[PDB]
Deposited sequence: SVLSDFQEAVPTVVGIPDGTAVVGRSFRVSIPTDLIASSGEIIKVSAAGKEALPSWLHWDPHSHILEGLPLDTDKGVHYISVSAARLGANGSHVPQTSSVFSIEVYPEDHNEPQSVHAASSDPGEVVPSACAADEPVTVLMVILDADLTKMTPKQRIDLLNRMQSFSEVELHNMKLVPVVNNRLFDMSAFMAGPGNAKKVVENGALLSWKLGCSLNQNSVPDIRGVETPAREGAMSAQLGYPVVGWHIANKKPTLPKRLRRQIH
């Protein structure tokens, strides 16, 4: 037998945006071999990533503290008669986490503020696993009508649970805010105003009635729509 070498291409991620890539385990593991996916030189993955061994998906949602380059090892091992894991091969690639998505899914003119809908949640992303972060985005899709990968999810900063610049807004179900808070947002369009915003009853009504929080799994503090400086 002559060993095969598999190269995996490097990836990119953006703070506050879902990350998902397929790992070619069928090329790396000959039949009956055990796959391990970890940070290079460690047993665990970085805190922002999760490995699904049955779908062969590496997925995550980075925070600002995850900015920079993450080396990931994908290795295959033979289980010995004595239960030992005998390493057979390893493939290492990196993922660079960038700081800013500029509220753009990818489309607005550089002359143009982005109209963003934001939902404020009583949650702490730093207390949530990567899978919990992704599941929260998944559960917002019924309300946003935006795909998982086009929503943004970041912590509240400097304890601000409101945006005075918002030209539309409304309440959620929460009466108290126990955690630091999280901001889950998406783009509605470019330099919109109240008359050109789409129908948002599908956000505002479930938010106030508690149906949104019951689906998301976290209390909803409120929602607002504001135009944000282009970047």
item: Regions of the deposited sequence not represented in the model; value: 1 to 8, 115 to 129, 255 to 264
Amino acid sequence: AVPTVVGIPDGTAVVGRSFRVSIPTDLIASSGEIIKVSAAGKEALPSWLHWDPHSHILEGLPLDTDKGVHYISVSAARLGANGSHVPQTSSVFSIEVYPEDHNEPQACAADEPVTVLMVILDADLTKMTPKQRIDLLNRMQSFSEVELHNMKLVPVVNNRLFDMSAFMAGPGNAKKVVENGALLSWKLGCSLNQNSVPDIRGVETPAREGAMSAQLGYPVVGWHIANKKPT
From here on, numbers count along this sequence of modelled residues.
{"item": "Comparing 109 to 117 with 74 to 82, the one whose average Cα B-factor in the PDB entry is higher", "value": "109 to 117"}
{"item": "47 to 55 set against 169 to 177, stretch whose average Cα temperature factor tops the other in the entry", "value": "47 to 55"}
{"item": "Largest Cα B-factor, entry values, listed residues 163, 33, 204, 66", "value": "33"}
{"item": "Among 184, 61, 28, 200 - the residue whose C-alpha B-factor is largest in the record", "value": "28"}
{"item": "CA B-factor placement of residue 102, once the chain's modelled residues are sorted into thirds", "value": "highest"}
{"item": "Ranked against its chain, the third holding the CA B-factor of residue 157", "value": "highest"}
{"item": "Third assignment of residue 138 from its chain's C-alpha B-factors", "value": "lowest"}
{"item": "Ranked against its chain, the third holding the CA B-factor of residue 222", "value": "lowest"}
{"item": "Residue 210 - which third its CA temperature factor falls in, relative to the rest of the chain", "value": "lowest"}
